[PDB]
Each structure stands twice: as C-alpha cells, then as structure tokens.
Amino acid sequence: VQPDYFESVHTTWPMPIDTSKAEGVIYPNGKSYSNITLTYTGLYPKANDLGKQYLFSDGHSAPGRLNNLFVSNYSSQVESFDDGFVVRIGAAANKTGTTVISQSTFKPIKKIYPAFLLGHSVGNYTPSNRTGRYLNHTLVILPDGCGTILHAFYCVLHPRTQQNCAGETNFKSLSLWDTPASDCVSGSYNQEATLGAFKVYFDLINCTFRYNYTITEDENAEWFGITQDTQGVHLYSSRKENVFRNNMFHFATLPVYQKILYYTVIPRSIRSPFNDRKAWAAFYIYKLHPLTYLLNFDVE
Amino acid sequence: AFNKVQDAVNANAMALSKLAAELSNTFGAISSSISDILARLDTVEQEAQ
Amino acid sequence: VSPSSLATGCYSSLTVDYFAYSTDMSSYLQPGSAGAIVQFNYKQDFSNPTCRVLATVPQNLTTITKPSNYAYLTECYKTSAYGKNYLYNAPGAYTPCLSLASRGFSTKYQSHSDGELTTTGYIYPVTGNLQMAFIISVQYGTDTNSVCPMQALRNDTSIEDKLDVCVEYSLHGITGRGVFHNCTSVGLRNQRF
Amino acid sequence: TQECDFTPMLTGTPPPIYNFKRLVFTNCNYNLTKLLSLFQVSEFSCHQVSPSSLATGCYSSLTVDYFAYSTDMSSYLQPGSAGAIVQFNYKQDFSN
Ligand SMILES: *[C@@H]1O[C@H](CO)[C@@H](O[C@@H]2O[C@H](CO)[C@@H](O)[C@H](O)[C@H]2NC(C)=O)[C@H](O)[C@H]1NC(C)=O
Ligand SMILES: *[C@@H]1O[C@H](CO)[C@@H](O[C@@H]2O[C@H](CO)[C@@H](O)[C@H](O)[C@H]2NC(C)=O)[C@H](O)[C@H]1NC(C)=O
Ligand SMILES: *[C@@H]1O[C@H](CO)[C@@H](O[C@@H]2O[C@H](CO)[C@@H](O)[C@H](O)[C@H]2NC(C)=O)[C@H](O)[C@H]1NC(C)=O
Ligand SMILES: *[C@@H]1O[C@H](CO)[C@@H](O[C@@H]2O[C@H](CO)[C@@H](O)[C@H](O)[C@H]2NC(C)=O)[C@H](O)[C@H]1NC(C)=O
Ligand SMILES: CCCCCCCC/C=C\CCCCCCCC(=O)O
Ligand SMILES: CCCCCCCC/C=C\CCCCCCCC(=O)O
Ligand SMILES: CCCCCCCCCCCCCCCC(=O)O
Ligand SMILES: CCCCCCCCCCCCCCCC(=O)O
Ligand SMILES: *[C@@H]1O[C@H](CO)[C@@H](O)[C@H](O)[C@H]1NC(C)=O
Ligand SMILES: *[C@@H]1O[C@H](CO)[C@@H](O)[C@H](O)[C@H]1NC(C)=O
Ligand SMILES: *[C@@H]1O[C@H](CO)[C@@H](O)[C@H](O)[C@H]1NC(C)=O
Ligand SMILES: *[C@@H]1O[C@H](CO)[C@@H](O)[C@H](O)[C@H]1NC(C)=O
Ligand SMILES: *[C@@H]1O[C@H](CO)[C@@H](O)[C@H](O)[C@H]1NC(C)=O
Ligand SMILES: *[C@@H]1O[C@H](CO)[C@@H](O)[C@H](O)[C@H]1NC(C)=O
Ligand SMILES: *[C@@H]1O[C@H](CO)[C@@H](O)[C@H](O)[C@H]1NC(C)=O
C-alpha cells in the first residue's frame, strides 16, 4: 500500500461526459424508436461530469519472481451508491502508455474489467479496527476467465484468519491477482483464478444465487452499468458490434431487494513477469441522477 | 375618443386580473392551495385532488 | 386495476409481497391509517397499479406450516443527545431496525438495542387457520415479453392473409387494434416494437 | 399549552347512542399515541381528511362524539342508510 504512487500526476487524463456523442446513456427497455427526437426521464449522468478515475498496476516483481501486490487503498474507500453508476472501461486501450508502475516501459495497454462488492450494511474488521467490512448478505461482481466470464453472487462473507487473508490482526486489504502467462494460456482459459484468489480471503456462506454471464472482450470502448429498483438489481452493458458502443442495454436482473447503500471497488494487480509485462488501463465511474434528456434516434 | 383610451387601458388590466384570479378556483377540490391538500390528505387522495 | 383484468390480460412484470397477518387488523393496512403498522412495518407503494388481498389458508391444502405467534413492531428509533428520533418506513422498503428484529421476540413489548438503534416487538398467538396478506403490483410496457395467466392464452395466427384490414392483435402480450402493412426494417429488431 | 383532558371518555360507562356524549377541545396537546394503544380499531371511514394527517398536523378545534355500539351494526351508521339508527338515534353531520 502506497496510494500516492498510483493516483499521481503521471497519467491523470481527464475524461468528461460528452452528451453530443451520448456517452453513458441507457437505452429504454421493451421498445425502440426510429429517426425521431424526444424527451425521456430516467437515470442519466450530468453533462461534463469528470467522474472518478481508477489507475491499476502490476505488483512488485523480482527478476523472474513474483512478490506481494502493489495496490491502492480502494478497499478502504467506501462510496455511496445513491442511484447506481456507469463505468467507462479502458478507453485508453488503443494507444501507448505505461500503467503507473514501470515509468520507462511503455507496453500495449490492455483493458481491465472492474470488480465490485456492494452492500446494505458496513462495519469494522475486528480486531484490526479497519473500516470497510460488509456484514450481512453482500453482492459480489467478479470478472473472470481472461475477461470472458462475469460471476455475480449474493452471499455472506466470512473473513479468514490465516496469513493476513482479510481477517487477521494485521490487515492490509483485500487484493486480487491474476497471471497472464500461466492462467491465460490460449485454448485452456482457466476461468476460476479470480474466484479462487477471492476464496482465499473469504468463506462464501449461504449463497442465495450464483450467476455466470458471457462477457464480450475486445480492445474497443466498453460501458458497464448498475441500478437498483423495487424489482431488484439491473445490469447494463454495451453490445458487441463496434456500432454505437455508447448505448447500454439491459442484460441481467438479480433478485436483491434490500437497498444497496455502499460499494467498494476491489484493488487488483495482475501479476505479469518483469520483462514481458502488459501495461494497464484506467476505468472511470460516473454517478447517475434522475434527469430529463433530449435523445435523437437514427433510422437504425 | 377619451373613453376609447380608457377602454384600452382597462382591457389590458382585465387580462391580468382574470389571469391572477383563476389561481383561487378550487375546481371542485377541497382547496385551491396545493400545500393544504398535501397537509390534509394521503397520497392516493392527493393525486386525484 | 381490477382482479378480473389480471385474469384475462398480460403484463410486463408481476411483484408479490407476502407475510402472515391477522384479518381483524385489516384496517391498519389501509392507506391513510395512522398506527404502528404503516409507521414501522409495511407502507404500501402506489406508483404502479396494485392490489391488496387478505386470505385464510385452510387445513389440508398446501404444505404451508404455521408459526407460533403473530408479531409486529411497535417502535423503531435512534437515541441522540436531544432524545428519541423515530425512523419511519419508506413505501415498499424494509424497516431500518430489521437486523435487530431478527433476534426474535419472546414476550410482548420486548426491546432490542444496538448502539443508537432500539426496537420493540409485539407477539400474540395464532388461533385457528393461518391468515396472510399479499401486496401485488403489475407493470405495463417495460419488456419485450409478458407474464400471462394460462386462461388468457390463445393458440397462434398469421397476418399474411389479412394485410391492409383492421384486426385485433395480441403480440407477445401487447394487445390492440390496427392495420398492418409490409414494410422495410427500421429500428432495432431485438427490441421487437 | 397544557394538555387535553380525555379522562371523561376513559373512565366510567359509555352512554347509549340516543344519549351520546360530546367533547370539544381547543388550545391543547393530546398524545394520539397511547390513545390508539387503548382500543383495537375494527374500521374507520373519513371524509375530506385522513387519519395519518390528523397525526401530523394541527387544527383549530377537535370534536368527539362517543357511545357504546355493537360493531356488527356498523352498516346502520353508514351515510345513506335507511333504518332506525339514522332516523331516531344519531345522524352524522358532514359540514366539517
Ligand atoms: C446481519 O449481520 C449482523 C452482524 O453485524 C448479525 O448480528 C450479529 O449476530 C451475532 C450472532 O452470534 C452476534 O454475536 C452479534 O453481536 C450480532 N451483531 C450485532 C451488531 O448485533 C445478524 O445476525 C445478521 N442478520 C441476520 C438476519 O442474521
Ligand atoms: C457459476 O459458476 C460457478 C463456478 O464455476 C459455479 O459454482 C459451483 O457451484 C456448484 C453448485 O452450485 C458448487 O457445488 C461448486 O462448489 C461451485 N464451485 C465454485 C468454484 O464456486 C456455479 O454453480 C455456476 N452457476 C450456475 C447457475 O451453474
Ligand atoms: C391449473 O392447475 C390445475 C390444478 O388444480 C389444473 O386442473 C387439473 O387438471 C387435470 C387435467 O385435466 C385434472 O385431472 C385435475 O382434476 C384438475 N384439477 C382441478 C382442481 O380442476 C388446470 O388444468 C390448470 N390450468 C390450465 C389452464 O392448465
Ligand atoms: C404518550 O404516552 C406514552 C404512554 O403510552 C408515552 O410513552 C412512555 O414514555 C415514557 C418516557 O418517555 C416511558 O417511560 C414509558 O415506558 C412509555 N410508555 C410506552 C407504552 O411506550 C409517550 O412518551 C407519550 N408521548 C409524549 C410525546 O410524551
Ligand atoms: C379509537 C379511539 C378514538 C378516540 C377519539 C378521540 C381522538 C380523536 C383524535 C384523533 C382521531 C384519529 C384516529 C383515527 C382512527 C383510525 C386509526 C387507524 O386505523 O389508523
Ligand atoms: C334485507 C333486504 C331484504 C329486502 C329486499 C327486498 C326489498 C327491496 C326494497 C327496498 C330495499 C331498500 C333497503 C336497503 C337495505 C339496506 C339496509 C340499510 O340501509 O342499512
Ligand atoms: C419465514 C417463516 C418464519 C417466520 C415466521 C413469521 C410468521 C409469524 C409472524 C406473523 C406476523 C404477521 C403480522 C403480525 C400482525 C398481525 O398478525 O396482524
Ligand atoms: C356514562 C355511562 C352511563 C350511561 C350508560 C349507558 C349504557 C350504554 C348502553 C346502550 C348502548 C347503545 C348502543 C346500541 C347500538 C348497538 O350496539 O348497535
Ligand atoms: C487512502 O486513504 C487516505 C486516508 O484514509 C485518503 O486520504 C486517500 O485519498 C486514500 N487514497 C486514495 C487513492 O484515495
Ligand atoms: C483501435 O485500434 C485498432 C488497431 O490499432 C483499429 O482498428 C480500431 O479502429 C481502433 N479503434 C477505434 C474506435 O477506432
Ligand atoms: C477499536 O475498535 C473499537 C470498536 O470495537 C473502538 O471502540 C476503539 O476505539 C478502536 N480502537 C482504536 C485505537 O481506534
Ligand atoms: C446460514 O444459514 C443458516 C440456516 O441454516 C443459519 O443458521 C446461519 O446462521 C447462516 N449463516 C450466517 C453466517 O448467518
Ligand atoms: C380436509 O378437511 C376437510 C374438512 O374441513 C375434509 O372435508 C377433507 O376431506 C379433508 N381433506 C384432507 C386431504 O384431509
Ligand atoms: C428541543 O428543546 C429542548 C429544550 O431546551 C432541548 O432540551 C432539546 O435538546 C431540543 N431538541 C432539539 C432537536 O433541538
Ligand atoms: C414483405 O417484404 C419483405 C421484404 O421487403 C419480403 O421479403 C417479403 O416477401 C414480403 N412479403 C409479402 C407477403 O409480400
């Protein structure tokens, strides 16, 4: 943990919302329009909202060897949900750049899918006296399988009292890892490495559901979104066409009915080697607000 | 001619008086004030009022 | 909405809240009521079309078991430096004292406190057949597919022999009256309408 | 503002319907909670007000008529009823 190294003035590229390109807009469900203009009331971002930036990094790496992870304190930033949010995923994954760690090593910037914990109730970690512990049924959103699987489950999380493992006296954070070299050999994608590394930290007790979703990965623009209402939790994604990737469409409802109040982005460090590493992109989170928008639909 | 000048001034004043007075029509509600409807009824009755 | 229109028509979604509930406390569930039930236990939401049903479940039908008591909450508040601050239900939501109230109640007017929060419960025995309440709400027009009851299902028909005449239609639960004409594709075809 | 006096209604025997009792309150506070905790409501019906608004607002005067009455004769107290109860015992006023 050294969070002044990650959110420094190295990359820090600001990315506001451009409504003239309709960034972060959720499409209406059950219906379509063609070649018209109308007003629509819904949950939308504010125009020119800068949002919040998350910079990720490969961990500490010895020559030829793997060490402890280089994460921020994102596991101790508990944020207010309030209406849900949308995430711009890796817009800088088409140019050159470092992640943040190897300042003299530009590597081709891959995309990083975010991981989330979401809950109604929050507390201290006992005996570490650290805040940020979810204590009842918590919702877990995990990307897996080199970005081909989305796990979503709703369980009680029991901290484990091993070497630190998010439940000892000494407690850095929860932090997740993956290996592009061994876990991401083509032909055999190991789609449980993030799940297993998460299960090192926690016992999953009394899971009400366990859903798995197919994720479409490429290196173009990506938008993810989450809202809650009285029918449950809704998940939104940009489709797979390279044809108007700013439009988000509903792809999942989850039977979660108690009100989500808090969320936590999970700090990651994908444990590539030292010489042949991959540089990492950012992602950007923007909050939704009840707003009226004027929308334009083409004939498609 | 003087009566026509005063007639014009009065037609202008009459349009504004008739605008302001229609905000005290109850139209068959229990009040013309929205605040008293919100303070005296519940949500289902509030909507129809 | 009427119950007989739920029996002959289709809707986008159906939502059912249910619990055990004595029928002789029915007037505490009315909109406009003032007691502890609406304040601390359940407040009905009216933004969608909705129904409220009370019912008795008879002896040998179903595999529903009986609890020992009926039970509701009489108070929920937080203590402050000034005094009590009563926390009231939002429409459709759960009470903020729900985690405290999961500890159970053994006697009438038994309290449970954690930090600022305090809650008080009221129990009384179940006598005779069990009684239940159901809060039902429907949605129209928010989905490409429908929820339909089985008596409202008809087989299938075609339009290709009845173009340019006025017909009734029932298309994936969307019903009405209209004239149909073969055209060129516009709009997203995954959204169907 | 001293508090309202409901102890005539809470002690004694309630009267018959033709000889009903009336109480009138101005300029006082009354604790609606613990009044509701003495009785078990079987039904209510209101006209141009709701009971949750009586609990959260203020008014110039309150007026209560009260009598003993069997709940299974409730439909004889409805407005528009035809029997002996409205004709010879009690007729509800709908001005306020
Ligand atoms: C929700 O989580 C809370 C934890 O915050 C549970 O309450 C704890 O239950 C244990 C039982 O051994 C007690 O020792 C703790 O003191 C309780 N915590 C508090 C803050 O009171 C609670 O049980 C969970 N909810 C449900 C329905 O099980
Ligand atoms: C989604 O994927 C996970 C992981 O592959 C499945 O989790 C397994 O579920 C079975 C039965 O529920 C358990 O016996 C295993 O222990 C679980 N394994 C792990 C690694 O968690 C889950 O079942 C999948 N969801 C569905 C609906 O099939
Ligand atoms: C809905 O379920 C009921 C179950 O009660 C179905 O009724 C049964 O149908 C079978 C087949 O003919 C009969 O042998 C039973 O005697 C019926 N039970 C009763 C109580 O009538 C009913 O068919 C179902 N509805 C539809 C539209 O399929
Ligand atoms: C209205 O009357 C009730 C009595 O039922 C008061 O509640 C009591 O308050 C005292 C001190 O606050 C407690 O010691 C009692 O145990 C309470 N009784 C019950 C049954 O809860 C209530 O405080 C009164 N309201 C106001 C505003 O004074
Ligand atoms: C039931 C006791 C009636 C006592 C009458 C004297 C108090 C008058 C003041 C307020 C009356 C409002 C109470 C409304 C009763 C309905 C209760 C309910 O079901 O919400
Ligand atoms: C008890 C009804 C038996 C008589 C029905 C046949 C006579 C119909 C003629 C007039 C009916 C009007 C009486 C209305 C009955 C409701 C009583 C009431 O108002 O409380
Ligand atoms: C999930 C089943 C186990 C829980 C058992 C709870 C059922 C008993 C409690 C009944 C409370 C219903 C509301 C009480 C007020 C009333 O009876 O009118
Ligand atoms: C103040 C107490 C002394 C007066 C005693 C009066 C006794 C009341 C008995 C008459 C009840 C009248 C209500 C009958 C109507 C009904 O129940 O349907
Ligand atoms: C880490 O925590 C400190 C204090 O807890 C906070 O000031 C800082 O903003 C956090 N780091 C980041 C990157 O948010
Ligand atoms: C990203 O780069 C690839 C190849 O470098 C290119 O084909 C693609 O069009 C670029 N993305 C966009 C949105 O232009
Ligand atoms: C440790 O946590 C307890 C809560 O159980 C709190 O009261 C105490 O102040 C904490 N200790 C420190 C040094 O903050
Ligand atoms: C899991 O569910 C069981 C019900 O069989 C319950 O007894 C237990 O307390 C639950 N676990 C937790 C951590 O609450
Ligand atoms: C259920 O009880 C009723 C009497 O209430 C009786 O007529 C009927 O035969 C019983 N059926 C079963 C399966 O017990
Ligand atoms: C209200 O006034 C009383 C009288 O001084 C005081 O004790 C109490 O703290 C006040 N409460 C609030 C919320 O201001
Ligand atoms: C309707 O139009 C489509 C495309 O324009 C065509 O393929 C189809 O044959 C037409 N059907 C009839 C019955 O004319």
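Could you tell me whether the stretch C:60-68 includes any residue that is farther than 27 Å from D:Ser52 by Cβ, loosely packed, with under 15 Cβ neighbours inside 10 Å, touching a residue at least 40 places away in the same chain (Cβ under 8 Å) and of a type in the set (D, E, K, R)?
Narrowing the stretch C:60-68 to residues farther than 27 Å from D:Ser52 by Cβ: C:60-68.
Now narrow it down to the ones that are loosely packed, with under 15 Cβ neighbours inside 10 Å: C:60-68.
Of the ones still in play, those that are also touching a residue at least 40 places away in the same chain (Cβ under 8 Å) are C:64, C:66-68.
Adding the requirement that they be of a type in the set (D, E, K, R) leaves C:66.
Looking for residues that are farther than 27 Å from D:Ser52 by Cβ, loosely packed, with under 15 Cβ neighbours inside 10 Å, touching a residue at least 40 places away in the same chain (Cβ under 8 Å) and of a type in the set (D, E, K, R), one finds at least one in the stretch C:60-68, hence yes.
When you check C:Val126 against the structure, is it out of contact with any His (no Cβ under 6 Å at 6 or more places or on another chain), farther than 30 Å from C:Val1 by Cβ and touching a residue at least 60 places away in the same chain (Cβ under 8 Å), yes or no? Spell out how you get there, then give the answer.
Working: out of contact with any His (no Cβ under 6 Å at 6 or more places or on another chain): yes; farther than 30 Å from C:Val1 by Cβ: yes; touching a residue at least 60 places away in the same chain (Cβ under 8 Å): yes.
Yes, satisfied.
Since C:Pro31 meets every condition but one in (1) within 22 Å of D:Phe39 (Cα to Cα); (2) within 14 Å of ligand 7 (Cβ to nearest atom); (3) surrounded by fewer than 16 Cβ atoms within 10 Å (Cβ to Cβ), which condition does it not meet?
Tallying (1) within 22 Å of D:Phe39 (Cα to Cα); (2) within 14 Å of ligand 7 (Cβ to nearest atom); (3) surrounded by fewer than 16 Cβ atoms within 10 Å (Cβ to Cβ), C:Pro31 fails exactly one: (2).
Examine the stretch A:11-34 for a residue that is buried (at least 17 other Cβ atoms within 10 Å of the Cβ) and outside any loop (DSSP other than H, G, I, E, B), and state whether such a residue exists.
Yes, because at least one residue in the stretch A:11-34 is buried (at least 17 other Cβ atoms within 10 Å of the Cβ) and outside any loop (DSSP other than H, G, I, E, B).
Please report, ordered by residue number, the strands (runs of 3 or more DSSP E) entirely within the stretch C:35-135 with at least 1 residues that are under 21 Å from the mean Cα position of the chain (by Cα).
On the way: elements: C:50-56, C:69-79, C:84-86, C:110-114, C:117-125.
Per the criteria, C:50-56, C:69-79.
Taking the residues in the stretch C:165-186 that are of a type in the set (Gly, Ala, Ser) and more than 14 Å from chain A (Cβ to nearest Cβ) as candidates, determine which candidate is farthest from ligand 1 (Cβ to nearest atom). Write out each step before concluding.
In the first step, residues of the stretch C:165-186 are kept if they are of a type in the set (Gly, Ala, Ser); the result is C:170, C:173, C:176, C:178, C:185.
Narrowing the set further to residues that are more than 14 Å from chain A (Cβ to nearest Cβ) leaves C:170, C:176, C:178.
Details: C:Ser170: 44, C:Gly176: 47, C:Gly178: 52 Å.
Step by step, filter the stretch C:165-186, then rank; the result is C:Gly178.
For A:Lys46, work out the one condition from (1) within 30 Å of A:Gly132 (Cβ to Cβ); (2) assigned to a strand (DSSP E or B) it doesn't fulfil.
With respect to (1) within 30 Å of A:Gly132 (Cβ to Cβ); (2) assigned to a strand (DSSP E or B), A:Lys46 is out only on (2).
Which residue out of A:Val156, A:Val100 is in contact with a strand residue (DSSP E or B) (Cβ under 7 Å, 6 or more places away or on another chain) and surrounded by 21 or more Cβ atoms within 10 Å (Cβ to Cβ)? Before the answer, list the steps.
Values: A:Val156 fails: surrounded by 21 or more Cβ atoms within 10 Å (Cβ to Cβ).
Every option except A:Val100 fails the conditions.
Tally time: how many residues in the stretch A:61-95 are without any contact (Cβ under 8 Å) to a residue 40 or more places away in the chain and more than 22 Å from the chain's Cα centre (by Cα)? Outline the logic, then answer.
At the first step, the residues of the stretch A:61-95 found to be without any contact (Cβ under 8 Å) to a residue 40 or more places away in the chain are A:65, A:67-68, A:95.
Imposing the further condition that a residue be more than 22 Å from the chain's Cα centre (by Cα) reduces the set to A:65, A:67.
Final tally of qualifying residues: 2.
It is to be established whether one or more residues within the stretch A:121-141 are within 15 Å of A:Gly225 (Cα to Cα) and of a type in the set (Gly, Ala, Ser).
no
What number of residues within the stretch C:131-156 are away from chain A (no Cβ under 14 Å), surrounded by 15 or more Cβ atoms within 10 Å (Cβ to Cβ) and not aliphatic (A, V, I, L, M)?
Of the residues in that region, 2 qualify.
Restricting to the stretch D:45-96, what's the tally of residues that are among the small types (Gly, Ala, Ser) and within 13 Å of chain C (Cβ to nearest Cβ)? Step through it out loud before you land on a result.
Taking the stretch D:45-96 first, the residues among the small types (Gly, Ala, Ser) are D:45, D:50, D:52-53, D:55, D:57, D:60-61, D:68, D:70, D:74-75, D:80-84, D:95.
Subsequent filtering for residues that are within 13 Å of chain C (Cβ to nearest Cβ) retains D:45, D:50, D:52-53, D:55, D:57, D:74.
Summing the residues that are among the small types (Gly, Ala, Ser) and within 13 Å of chain C (Cβ to nearest Cβ) in the stretch D:45-96 gives 7.
Can you name every residue in the stretch A:251-291 that is more than 17 Å from the chain's Cα centre (by Cα) and part of a strand (DSSP E or B)?
Hits for the stretch A:251-291 are A:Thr253, A:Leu254, A:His289, A:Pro290, A:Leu291.
Which helices (runs of 4 or more DSSP H) does chain B wholly contain that include 2 or more residues that are more than 30 Å from C:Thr50 (Cα to Cα) and among the hydrophobic types (A, V, I, L, M, F, W, C)?
Values: elements: B:2-21, B:34-40, B:43-48.
Qualifying helices (runs of 4 or more DSSP H): B:2-21.
Because the Cβ atoms are built from the backbone with ideal geometry, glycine has one as well, and the counts that use them run over all protein chains shown. Throughout, read-outs are computed from the coordinates displayed, never taken from laboratory work.
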